[PDB]
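Heads up: the structure comes next, in structure tokens.
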Amino acid sequence: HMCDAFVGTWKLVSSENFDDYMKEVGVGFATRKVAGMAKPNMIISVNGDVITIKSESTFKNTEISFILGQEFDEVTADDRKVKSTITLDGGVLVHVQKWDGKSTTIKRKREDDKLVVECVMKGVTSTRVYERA
Ligand SMILES: O=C1NC(=O)[C@]2(CO[C@H](c3cccc(Br)c3)OC2)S1
């Protein structure tokens, strides 16, 4: 019953400062412009200890499966090759990505009927709000 309130199909309904977050990450112009248009569906499921998060979008489809606390390889939508670790901290899913001596953290939490995603790189935060699809 780990992560029950996250499970389901979610649609992006608002974004703030995502271009600035991508700039801070190092994303190039053309990827920022095209990726910034996308309104992905995020599909979250749990089977035993394995959590799967899929992102279906007109930009790029991605999928990760993981066990909490156990590092894994991830290729991000912008084609970074990162080492990721995802934990639960007080009911918030905390996803840290490490690559090229850099780090970014993505937090996902349930707030009312929304799933709120906060993406932080250095001093820049982007907030991405999802509703049930
Ligand atoms: O709502 C979101 N939920 C996530 O986990 C995000 C998935 O996309 C990445 C991303 C970073 C840089 C460039 C591109 Br293209 C994508 O940012 C995090 S956005």
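Identifiers for the structure tokens are assigned positionally: chains receive A, B, ... in sequence, residues are indexed from 1 per chain, and ligands are indexed from 1 in the order shown.
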
Review point. Within 10 Å of range 30-36 of chain A, counting only C-alpha atoms, which residues qualify if same-chain residues fewer than 5 places away don't, as a list in words?
Key: residues 15, 18, 19, 20, 21, 22, 23, 57, 58, 59, 60, 77 and 78 of chain A

Can you build me a table of chain A residues sitting at most 10 Å from ligand 1, with the closest atom pair per residue and its distance in Å to one decimal, using only C-alpha atoms and all ligand atoms, sorted by chain and residue number, as CSV?
```
residue,atom,partner,partner_atom_place_in_ligand_line,distance
A:11,CA,ligand 1,1 (O),9.6
A:12,CA,ligand 1,1 (O),7.1
A:13,CA,ligand 1,1 (O),9.9
A:14,CA,ligand 1,1 (O),9.2
A:15,CA,ligand 1,1 (O),7.8
A:18,CA,ligand 1,19 (S),7.6
A:19,CA,ligand 1,13 (C),8.7
A:21,CA,ligand 1,12 (C),7.5
A:22,CA,ligand 1,12 (C),4.9
A:23,CA,ligand 1,12 (C),8.3
A:24,CA,ligand 1,12 (C),9.1
A:25,CA,ligand 1,12 (C),6.5
A:26,CA,ligand 1,12 (C),8.0
A:27,CA,ligand 1,13 (C),6.0
A:28,CA,ligand 1,13 (C),8.9
A:30,CA,ligand 1,15 (Br),9.8
A:31,CA,ligand 1,15 (Br),6.0
A:32,CA,ligand 1,15 (Br),6.3
A:33,CA,ligand 1,15 (Br),9.0
A:34,CA,ligand 1,15 (Br),8.0
A:35,CA,ligand 1,15 (Br),4.8
A:36,CA,ligand 1,15 (Br),7.4
A:37,CA,ligand 1,15 (Br),10.0
A:38,CA,ligand 1,15 (Br),9.1
A:39,CA,ligand 1,1 (O),8.8
A:40,CA,ligand 1,1 (O),7.7
A:41,CA,ligand 1,1 (O),9.3
A:42,CA,ligand 1,3 (N),8.1
A:53,CA,ligand 1,5 (O),9.2
A:54,CA,ligand 1,5 (O),9.7
A:55,CA,ligand 1,7 (C),7.9
A:59,CA,ligand 1,15 (Br),7.5
A:60,CA,ligand 1,15 (Br),7.9
A:62,CA,ligand 1,7 (C),8.9
A:76,CA,ligand 1,10 (C),6.5
A:77,CA,ligand 1,15 (Br),4.8
A:78,CA,ligand 1,15 (Br),4.2
A:79,CA,ligand 1,15 (Br),8.0
A:80,CA,ligand 1,12 (C),8.4
A:95,CA,ligand 1,5 (O),8.6
A:104,CA,ligand 1,18 (C),9.2
A:105,CA,ligand 1,18 (C),8.9
A:106,CA,ligand 1,5 (O),6.3
A:107,CA,ligand 1,5 (O),8.5
A:108,CA,ligand 1,3 (N),8.4
A:115,CA,ligand 1,1 (O),9.8
A:116,CA,ligand 1,1 (O),8.5
A:117,CA,ligand 1,1 (O),6.0
A:118,CA,ligand 1,1 (O),7.9
A:119,CA,ligand 1,18 (C),6.1
A:120,CA,ligand 1,18 (C),9.1
A:121,CA,ligand 1,11 (C),9.9
A:126,CA,ligand 1,19 (S),8.4
A:127,CA,ligand 1,1 (O),7.7
A:128,CA,ligand 1,1 (O),5.0
A:129,CA,ligand 1,1 (O),7.4
A:130,CA,ligand 1,1 (O),8.0
```

Exercise for review: Name the closest residue to residue 131 in chain A among the candidates A:89, A:101, A:16, A:9; distances are taken between atoms, counting only C-alpha atoms.
Suggested key: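 Using only C-alpha atoms, the shortest distance to residue 131 in chain A belongs to A:9.
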
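The coordinates place CA of residue 61 in chain A at 16.3 Å from CA of residue 73 in chain A.
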
Check your understanding: Counting only C-alpha atoms, which of A:98, A:122, A:109, A:132 gets nearest to residue 83 in chain A?
Key -> A:98

Point to revise | range 20-99 of chain A: residues DSSP assigns to strand (DSSP E or B), reported as number ranges by chain | key: A: 41-47, 50-56, 62-66, 72-75, 81-89, 92-99

Could those residues be written to a file, using N, CA and C atoms, as a short mmCIF file (atom, residue, chain, number, x, y, z; two decimals), in the first residue's frame?
```cif
data_model
loop_
_atom_site.label_atom_id
_atom_site.label_comp_id
_atom_site.auth_asym_id
_atom_site.auth_seq_id
_atom_site.Cartn_x
_atom_site.Cartn_y
_atom_site.Cartn_z
N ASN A 41 0.97 12.53 -20.21
CA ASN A 41 0.27 11.70 -19.26
C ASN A 41 1.32 10.91 -18.49
N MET A 42 1.19 10.89 -17.16
CA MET A 42 2.06 10.13 -16.28
C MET A 42 1.24 8.98 -15.69
N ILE A 43 1.74 7.76 -15.87
CA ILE A 43 1.03 6.57 -15.42
C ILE A 43 1.88 5.92 -14.34
N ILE A 44 1.33 5.83 -13.14
CA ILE A 44 2.07 5.32 -12.00
C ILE A 44 1.39 4.03 -11.53
N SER A 45 2.18 2.96 -11.36
CA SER A 45 1.67 1.70 -10.89
C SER A 45 2.67 1.06 -9.92
N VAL A 46 2.17 0.13 -9.12
CA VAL A 46 2.99 -0.56 -8.14
C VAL A 46 2.65 -2.05 -8.26
N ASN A 47 3.70 -2.88 -8.26
CA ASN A 47 3.54 -4.35 -8.24
C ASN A 47 4.58 -4.87 -7.25
N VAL A 50 8.03 -3.03 -6.61
CA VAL A 50 8.46 -2.32 -7.79
C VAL A 50 7.44 -1.24 -8.18
N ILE A 51 7.93 0.00 -8.25
CA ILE A 51 7.12 1.12 -8.70
C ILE A 51 7.51 1.42 -10.16
N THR A 52 6.50 1.64 -11.00
CA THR A 52 6.73 2.03 -12.40
C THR A 52 6.09 3.40 -12.62
N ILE A 53 6.85 4.32 -13.24
CA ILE A 53 6.36 5.62 -13.67
C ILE A 53 6.63 5.72 -15.17
N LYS A 54 5.56 5.81 -15.95
CA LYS A 54 5.64 6.01 -17.39
C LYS A 54 5.20 7.41 -17.69
N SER A 55 5.86 8.03 -18.67
CA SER A 55 5.47 9.33 -19.21
C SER A 55 5.20 9.16 -20.70
N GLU A 56 3.95 9.35 -21.09
CA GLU A 56 3.58 9.35 -22.50
C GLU A 56 3.33 10.76 -23.01
N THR A 62 8.81 7.87 -21.94
CA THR A 62 9.82 7.34 -21.04
C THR A 62 9.15 6.36 -20.08
N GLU A 63 9.96 5.52 -19.46
CA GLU A 63 9.46 4.59 -18.44
C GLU A 63 10.61 4.28 -17.50
N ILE A 64 10.36 4.33 -16.19
CA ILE A 64 11.28 3.87 -15.17
C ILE A 64 10.55 2.90 -14.25
N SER A 65 11.26 1.85 -13.83
CA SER A 65 10.83 0.94 -12.76
C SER A 65 11.93 0.88 -11.72
N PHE A 66 11.56 0.85 -10.44
CA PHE A 66 12.56 0.97 -9.41
C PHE A 66 12.00 0.45 -8.09
N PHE A 72 19.47 3.21 -9.75
CA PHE A 72 19.27 2.64 -11.09
C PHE A 72 19.75 3.62 -12.17
N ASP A 73 19.95 3.07 -13.37
CA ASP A 73 20.27 3.84 -14.54
C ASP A 73 18.99 4.35 -15.18
N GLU A 74 19.03 5.62 -15.63
CA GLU A 74 17.90 6.26 -16.30
C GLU A 74 18.41 7.07 -17.49
N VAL A 75 17.73 7.00 -18.62
CA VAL A 75 17.98 7.93 -19.72
C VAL A 75 16.79 8.90 -19.71
N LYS A 81 22.19 10.65 -19.42
CA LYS A 81 22.40 9.34 -18.84
C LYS A 81 22.73 9.57 -17.37
N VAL A 82 21.76 9.28 -16.48
CA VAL A 82 21.87 9.65 -15.09
C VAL A 82 21.79 8.42 -14.18
N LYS A 83 22.29 8.60 -12.96
CA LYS A 83 22.11 7.59 -11.92
C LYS A 83 21.08 8.15 -10.93
N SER A 84 19.97 7.43 -10.76
CA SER A 84 18.81 7.89 -10.01
C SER A 84 18.58 7.06 -8.76
N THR A 85 18.11 7.74 -7.72
CA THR A 85 17.65 7.04 -6.54
C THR A 85 16.38 7.73 -6.06
N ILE A 86 15.35 6.94 -5.78
CA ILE A 86 14.04 7.46 -5.38
C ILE A 86 13.70 6.86 -4.02
N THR A 87 13.31 7.75 -3.11
CA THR A 87 12.92 7.39 -1.75
C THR A 87 11.56 8.01 -1.44
N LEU A 88 10.93 7.55 -0.35
CA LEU A 88 9.75 8.16 0.21
C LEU A 88 10.20 8.90 1.51
N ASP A 89 9.87 10.17 1.62
CA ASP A 89 10.21 10.95 2.82
C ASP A 89 8.94 11.63 3.26
N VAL A 92 6.26 12.00 0.51
CA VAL A 92 6.72 12.62 -0.72
C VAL A 92 7.72 11.71 -1.39
N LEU A 93 7.53 11.46 -2.68
CA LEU A 93 8.50 10.72 -3.46
C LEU A 93 9.62 11.67 -3.84
N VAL A 94 10.86 11.36 -3.49
CA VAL A 94 12.02 12.22 -3.72
C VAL A 94 12.97 11.49 -4.67
N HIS A 95 13.17 12.07 -5.85
CA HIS A 95 13.93 11.46 -6.97
C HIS A 95 15.15 12.30 -7.22
N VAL A 96 16.34 11.76 -6.93
CA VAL A 96 17.60 12.48 -7.16
C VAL A 96 18.27 11.87 -8.37
N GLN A 97 18.71 12.71 -9.29
CA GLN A 97 19.42 12.30 -10.52
C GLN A 97 20.83 12.89 -10.51
N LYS A 98 21.85 12.07 -10.72
CA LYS A 98 23.24 12.47 -10.72
C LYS A 98 23.85 12.18 -12.09
N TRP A 99 24.57 13.15 -12.62
CA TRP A 99 25.25 12.98 -13.93
C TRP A 99 26.30 14.08 -14.08
#
```

Practice item. Take CA of residue 1 in chain A and CA of residue 110 in chain A and report the distance between them in Å, one decimal. Key: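 Taking CA of residue 1 in chain A and CA of residue 110 in chain A, their separation equals 14.8 Å.
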